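Residue numbers (PDB author numbering), protein chains in the order written: chain BP, 1 to 114; chain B0, 1 to 56; chain BN, 1 to 120; chain BD, 1 to 209; chain BK, 2 to 122. Idealized CB from N, CA, C, for every residue including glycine.
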RNA sequence: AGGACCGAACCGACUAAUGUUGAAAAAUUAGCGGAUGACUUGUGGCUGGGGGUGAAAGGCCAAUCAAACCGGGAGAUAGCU
RNA sequence: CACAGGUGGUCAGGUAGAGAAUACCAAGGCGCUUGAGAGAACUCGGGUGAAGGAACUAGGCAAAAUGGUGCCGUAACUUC
RNA sequence: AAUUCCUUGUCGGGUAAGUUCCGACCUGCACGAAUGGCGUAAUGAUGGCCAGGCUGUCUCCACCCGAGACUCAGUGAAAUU
RNA sequence: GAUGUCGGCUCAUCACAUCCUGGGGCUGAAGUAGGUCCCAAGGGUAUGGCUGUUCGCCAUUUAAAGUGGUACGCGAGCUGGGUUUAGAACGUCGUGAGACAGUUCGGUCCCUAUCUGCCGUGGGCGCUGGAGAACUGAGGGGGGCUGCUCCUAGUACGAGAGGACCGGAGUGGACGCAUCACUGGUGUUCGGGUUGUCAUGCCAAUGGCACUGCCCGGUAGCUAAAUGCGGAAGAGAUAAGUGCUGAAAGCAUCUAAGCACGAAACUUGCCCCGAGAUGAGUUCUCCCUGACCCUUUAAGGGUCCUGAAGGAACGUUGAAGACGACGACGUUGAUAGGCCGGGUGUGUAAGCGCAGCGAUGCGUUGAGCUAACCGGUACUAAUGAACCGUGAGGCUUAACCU
Ligand SMILES: [Mg+2]
Ligand SMILES: [Mg+2]
Ligand SMILES: [Mg+2]
Ligand SMILES: [Mg+2]
Ligand SMILES: [Mg+2]
Ligand SMILES: [Mg+2]
Ligand SMILES: [Mg+2]
Ligand SMILES: [Mg+2]
Ligand SMILES: [Mg+2]
Ligand SMILES: [Mg+2]
Ligand SMILES: [Mg+2]
Ligand SMILES: [Mg+2]
Ligand SMILES: [Mg+2]
Ligand SMILES: [Mg+2]
Ligand SMILES: [Mg+2]
Ligand SMILES: [Mg+2]
Ligand SMILES: [Mg+2]
Ligand SMILES: [Mg+2]
Ligand SMILES: [Mg+2]
Ligand SMILES: [Mg+2]
Ligand SMILES: [Mg+2]
Ligand SMILES: [Mg+2]
Ligand SMILES: [Mg+2]
Ligand SMILES: [Mg+2]
Ligand SMILES: [Mg+2]
Ligand SMILES: [Mg+2]
Ligand SMILES: [Mg+2]
């Protein structure tokens, strides 16, 4: 802890934007594909949330080809690269798992707006 | 489940070889008073490690 | 396994093991001295100090919150006003235990929980 | 070669340039000081005894302080033998550090254990549980049938059945060495070694490939 | 994923409900996922399609609820278990189209014909 | 209107667990069936043993029933232990 | 037995409720005549469980589930 | 078939796979007409089979809250031998 | 004067007439695959549908789904489906009561373990002066499974089709251990929402009870589904086997002399226990070097003065733990609690202000509260003593030394 946390505070990336259990964010992660190594983006909605130092995640809900998908990113993972926000929203909660049963009109979340 | 043979009075004694009681390793006394009290806690009236807590 | 688990359950449901301390707490804040069980004492300890530490500030919420726990506007008054300033400088150890143990009915070990500044 | 005594506390990650979050147990080697050398003329075997900690010099028996004095005294959690071959060390605290490792990918790591105690089959033997319903009287998670009958007579030894689980050497073998960064007295491995932090460990080069 | 277990069709022909009747890959093999072959049994099927209820073939688990984790630990999960039926005799899909996003875990020489269809990852 | 419907009291007793040197010589707990009727309940009465009563199981007739309990014939008889 | 059983009649407050259900209370009466610690296996009674969902088993045993009022609406068959 | 010994009869249905189940055949060991024959809406804590829902029933068990178990103080059994 | 039946469950243990994997001989053995016999028991050796089944048939797997002994292993361990009680019915037999090695629906499964035996864990004493440590390692146990892909090599072999050996590399299934860093579970000790009702005079704010009342999320810890590692190589001696040189036996021959290879078996290597290893071992360090008497004399016994090393006791406690045990600390202090700061978790308190008739909304405010966590801090509790344990260590011989 006192010896550790150093090897963490030494790894932890300081290049990370704000967040919220309602924001959209567009995580841009690597891919490698085959012989290439592009940068895949992930447009979703933060439901769960990190906060554990070097170890941290956001868990984003997307719902691609008519099928709901959920991904848990490791914030300080070199494969995370960048991470936008796109849209922040008002939730009034810390974990929006009550969204795994919503969909359009019901899954709607009023934007943040300050 | 019951005994098949009446346990000799000897066997009984051996079983009670660990039942023996323990002394007290000698108890301490107080400074302010000659209180022959137990180690770490209040004397017969209100003393302990010198001083004198607990009114009367 | 209890590995690294804090808190003593004594021998009852949290429900009970809350008000029994809530009473024993205000009880201490009152007579400033009590003769309870050693374990039941080294417990009441980290239940009143947090209250006194809370009594450090007059406030108007820490007062209500002080009323939340220990439902006694009587003692909440004793706190903030008395023990409040009484230990306004006290680091943290506002209690003593003064052992004695050995009760009649039960060989249970008793103890003398008391505010550090109780002697007059 | 020989090994070094350390203290557990690790369990973290180290992201690779590629993108791998490698697990890791942060062992701390405060450099071991050979408190005594053992020869085959005054012992019967080539061994080295070292130390690493630092006793408060208050809880150390004189017979201990006298032992340290006999050599390069400097207290220490305790003593630790290290069978060596074809290579000796200076009887005096030759002060060996984590640098002892580097081109050594082996490692074993030997901690105390977990400490369950409670035991009870199914948890310390991975036994099976009998239908939690469909009848079964007071015989859910229980041993059930430990022997056979008259022919056998008794209950064969080794017969698994509850009893203290934990507190026992147990090594790990293999385990890669992430970083052998001395200076700060550190040694990182792939991860997962006995102990629960602070527990004395004996990390040495793997005996197997 | 384990005996029984109802999965969805990630391709076409004989869609909907299809029960897994055996997890291939070795003795006492517990469950399956990511991109493993599974013994299926068409339970719904469409009126036309290419396969009809009752058929006993094999399929690849394209999606699972548990998900899949990659090095860093980051996991990817889907709300439902989808799979793709493949010719019993010699692997490879039987459908002409694959529905829903798959995982890069199927980028294997064999499970190639699928990762090359619309969706993603 | 109803040997009608749902459901407390009240009556009953299909299932499971626990109890089995029980809290209890048949119960406790969670469910369950009837619940204006061939219903249920208090008090008192009348049927007596080869007899009674029985929507019939040999069921009940005072923790006893293919013939009650008590006293007697009686120290039945026992080629058996 | 100072026994978790049995025992007929009368009375019938407040909030919510169809209600003598039920939950919280009034009047009133109680904490059940061994207690104090600990926080083991295992037994008993419960709460929550990833993915699967009867694969359990003689048997879905036990659990889980359903649960109200109003309205929409409702098959074979029928002694209507 | 609450009736079939050979018996898991034969065929069809349901299932990935059905000694059970449902629909048939008739070779009824040994159905059959008030010790009633074949049907029958409704009813059933009735026997068998299936399905949806549901789940720790199970894969495979994990954690947690309480009553014991363990410790101390008081009282203090049992069968058996 | 009672040894509970079949099947299932749970847990097994042994045999070898071996199912798989390993080593070989012959083959009507091209290869790949087989056939049969010899050796080999290390390890491994299927989920379901039907039925009470065991078995069996069937579906689908696997490297394989071995045979058998163990009261047809296992009920003072579980089940109670089959099967012998009492209810009832069918077919059948009998005048009938009733009956069936026919069927059918229903039908109480007790025991707090004294002894042996196992699994754990202590308390004595003994190891010959007493201690604190570190070892040595006689022995004992644990583990021993295996698929697929690739390279060799599309080569050997083959008409092709097909397709190796040998050796090497990678990744899996099942199993075992460990550990919570990751993914998650739990988390009635943390935060919040909410239904009914009671109370704190009322508003407001709160608390009790209703499964934690119902519910949402969740710290530490514990966890598996999570994650990391492991059944190896290599040695010795071999099995079956293959043989060399070789006479009896002018040749021949694996053997009689004499030599060499040879398998998951055996010994070892790997991990754990381990000197009660009474054959009680070893090395390092530490401590005790005052006086007298009775003596029935090497045998002592007893007195006063002395009490060391270390231990134990008590207290604060632990990722240790049923209790003992083991570990840390005791003012020469961070061992617990509290306290400070942070983290985390919830999710923007109360009060006040403002907008709306109002429910309520916005602002202050991302607030408030926040545990077992991290960093630190003597505020409280860990009192001077006291208790145990002694006072130079038997003889005989040898080696030195004097
Ligand atoms: Mg409550
Ligand atoms: Mg029972
Ligand atoms: Mg014998
Ligand atoms: Mg009626
Ligand atoms: Mg009714
Ligand atoms: Mg009467
Ligand atoms: Mg009677
Ligand atoms: Mg006579
Ligand atoms: Mg007589
Ligand atoms: Mg009483
Ligand atoms: Mg679940
Ligand atoms: Mg089944
Ligand atoms: Mg089965
Ligand atoms: Mg049920
Ligand atoms: Mg229920
Ligand atoms: Mg079925
Ligand atoms: Mg029929
Ligand atoms: Mg007839
Ligand atoms: Mg009739
Ligand atoms: Mg007791
Ligand atoms: Mg007692
Ligand atoms: Mg053989
Ligand atoms: Mg079978
Ligand atoms: Mg048997
Ligand atoms: Mg029994
Ligand atoms: Mg039966
Ligand atoms: Mg009968």
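Could you spell out where the beta strand (DSSP E) holding residue 22 (chain BD) opens and where it closes?
-> First-last of the beta strand (DSSP E) with residue 22 (chain BD): 21 to 24.
Compute the distance between the beta-carbons of residue 109 (chain BD) and residue 24 (chain BD), then report whether it is under 8 Å.
-> Their beta carbons are not under 8 Å apart, which means residue 109 (chain BD) does not touch residue 24 (chain BD) by this criterion.
Among the residues of its own chain, which have a CB less than 8 Å from the CB of residue 15 (chain BK), if the five just before and after it don't count?
-> Counting only Cβ-Cβ distances below 8 Å, and skipping sequence neighbours, we find 43, 45, 46, 47, 50, 51, 52, 53, 54, 56 and 86.
Is any heavy atom of ligand 2 found at a distance shorter than 7 Å from the C-beta of residue 139 (chain BD)?
-> Not under cutoff, so the answer is no.
Beta carbon of residue 24 (chain BK) nearer than 8 Å to that of residue 8 (chain BK) = The criterion of a C-beta distance shorter than 8 Å is not satisfied by residue 24 (chain BK) and residue 8 (chain BK).
Taking Cβ-Cβ distances below 9 Å as the criterion, which residues of the region 97 to 117 of chain BK are in contact with chain BP?
-> For the region 97 to 117 of chain BK, the set of positions with a beta-carbon nearer than 9 Å to some beta-carbon of chain BP reads 100, 101, 102, 105 and 108 in chain order.
By DSSP, does residue 17 (chain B0) sit in helix, in strand, or in coil?
-> Correct three-state label for residue 17 (chain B0): coil.
Assuming residue 114 (chain BN) contacts residue 33 (chain BN) under a Cβ cut-off of 8 Å, what Cβ separation, rounded to an integer in Å, is found between them?
-> Right, the Cβ-Cβ distance comes to about 4 Å (below 8 Å), so this counts as a contact.
Ignoring anything shorter than 3 residues or poking outside the region 2 to 87 of chain BD, list the beta strand (DSSP E) runs there in chain order.
-> Those beta strand (DSSP E) runs which fall completely within the region 2 to 87 of chain BD and span 3+ residues are 4 to 7, 12 to 15, 21 to 24, 36 to 38, 47 to 50 and 80 to 83.
Residue of 19 (chain BP), 65 (chain BP) and 47 (chain BP) minimising C-alpha distance to residue 96 (chain BP) = When C-alpha distances from residue 96 (chain BP) are compared across 19 (chain BP), 65 (chain BP) and 47 (chain BP), the shortest belongs to 47 (chain BP).
In chain order, what residues of the region 53 to 69 of chain BK put their CB closer than 9 Å to some CB of chain BD?
-> Going along the region 53 to 69 of chain BK in chain order, one finds no residue with a Cβ nearer than 9 Å to chain BD.
Which residues, taken in chain order from the region 9 to 40 of chain BD, show a beta carbon closer than 9 Å to some beta carbon of chain BK?
-> Against chain BK - using a Cβ distance shorter than 9 Å - the residues of the region 9 to 40 of chain BD are 13, 15, 16, 18, 19, 20, 21 and 22.
Pair within 8 Å by beta-carbon distance, residue 2 (chain BD) and residue 178 (chain BD) = Not in contact: residue 2 (chain BD) and residue 178 (chain BD) (Cβ atoms no closer than 8 Å).
Do the region 65 to 82 of chain BN and the region 15 to 23 of chain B0 touch if we need at least three Cβ pairs shorter than 8 Å?
-> Touching, no, given that fewer than three Cβ pairs across the two stretches are closer than 8 Å.
So, is residue 83 (chain BN) buried or exposed, given that buried needs 16 or more other C-beta atoms within 10 angstroms?
-> Around the beta carbon of residue 83 (chain BN), a 10 Å sphere encloses 16 or more other beta carbons of the protein chains shown; the residue is thus reported as buried.
Would you verify that the beta carbon of residue 19 (chain BP) is, or is not, closer than 8 Å to some beta carbon of chain BK?
-> Using a Cβ-Cβ cut-off of 8 Å, residue 19 (chain BP) does not count as an interface residue toward chain BK, since no Cβ of chain BK sits closer than that to its own.
Touching or not, the region 105 to 119 of chain BD and the region 156 to 171 of chain BD, by the rule of three or more beta carbon pairs under 8 Å?
-> Contact holds: three or more Cβ-Cβ distances are below 8 Å.
From 117 (chain BN), 108 (chain BN), 37 (chain BN) and 71 (chain BN), residue whose alpha carbon lies closest to that of residue 85 (chain BN) = Nearest option by C-alpha distance: 117 (chain BN).
Would you say residue 1 (chain BK) faces chain BP, with C-beta separation under 8 Å as the test?
-> The question about residue 1 (chain BK) has no answer, for chain BK in this structure spans 2 to 122.
Distance, residue 39 (chain BP) Cα to residue 35 (chain BK) Cα = Residue 35 (chain BK) and residue 39 (chain BP) have their C-alpha atoms some 22 Å from each other.
How close, in whole Å, do the beta carbons of residue 98 (chain BD) and residue 180 (chain BD) come, if the pair is a contact with beta carbons under 8 Å?
-> Taking C-beta atoms under 8 Å as the contact rule, residue 98 (chain BD) and residue 180 (chain BD) qualify, at a distance of about 6 Å.
Determine the direct distance from the alpha carbon of residue 93 (chain BP) to that of residue 21 (chain BN), and round the result to whole angstroms.
-> Going by the C-alpha atoms only, they are around 33 Å apart.
For residue 12 (chain BK) versus residue 99 (chain BK), is the C-beta spacing smaller than 8 Å?
-> Yes.
Flag residue 54 (chain BP) as yes if its beta-carbon sits less than 8 Å from any beta-carbon of chain BD, otherwise no.
-> Yes, contact with chain BD.
Identify the residues that DSSP records as bridge partners of residue 161 (chain BK): which are they?
-> Past the boundaries of the shown model lies residue 161 (chain BK); chain BK is included only from 2 to 122, so the question cannot be answered.
Which partner residues of residue 94 (chain BK) appear in the DSSP bridge assignment?
-> Residue 94 (chain BK) pairs with 87 (chain BK).
Excluding sequence positions up to five away, which residues of its chain have a Cβ less than 6 Å from the Cβ of residue 100 (chain BD)?
-> By the criterion of a C-beta distance shorter than 6 Å, residue 100 (chain BD) is surrounded in its chain by 4, once the five residues flanking it on both sides are discounted.
Could you give the distance in angstroms between the alpha-carbon of residue 82 (chain BD) and the alpha-carbon of residue 107 (chain BD)?
-> Approximately 14 Å, taken between the alpha carbons.
Test: residue 74 (chain BP) CB closer than 8 Å to a CB of chain BD | The beta-carbon of residue 74 (chain BP) is placed less than 8 Å from the nearest beta-carbon of chain BD.
CA-to-CA distance, residue 88 (chain BD) to residue 47 (chain BD), given in whole angstroms = Straight-line spacing of the CA atoms in residue 47 (chain BD) and residue 88 (chain BD) works out to 8 Å.
Return helix, strand or coil for residue 9 (chain BK), following the three-state DSSP convention.
-> In the structure shown, residue 9 (chain BK) sits in a strand (DSSP, three-state: E or B).
Assign residue 65 (chain BK) to one of two classes, buried (16 or more other C-beta atoms within 10 Å of its C-beta) or exposed (fewer than that).
-> Residue 65 (chain BK) sits buried, since 16 or more C-beta atoms from the chains shown fall within 10 Å of its C-beta.
Which one of 160 (chain BD), 80 (chain BD) and 156 (chain BD) has the shortest CA to CA distance from residue 211 (chain BD)?
-> Lying before the first or after the last residue shown, residue 211 (chain BD) is absent from chain BD, which here runs from 1 to 209.
For residue 26 (chain BK), which of helix, strand or coil comes out of DSSP?
-> In the three-state DSSP reduction, residue 26 (chain BK) falls in the coil class, being neither helix nor strand.
8 Å Cβ cutoff met for residue 83 (chain BP) and residue 27 (chain BP) = It is a contact, given that the beta carbons lie within the stated cut-off.
How far does the beta strand (DSSP E) with residue 43 (chain BP) in it reach, from first residue to last?
-> Residue range 40 to 43 is occupied by the beta strand (DSSP E) that includes residue 43 (chain BP).
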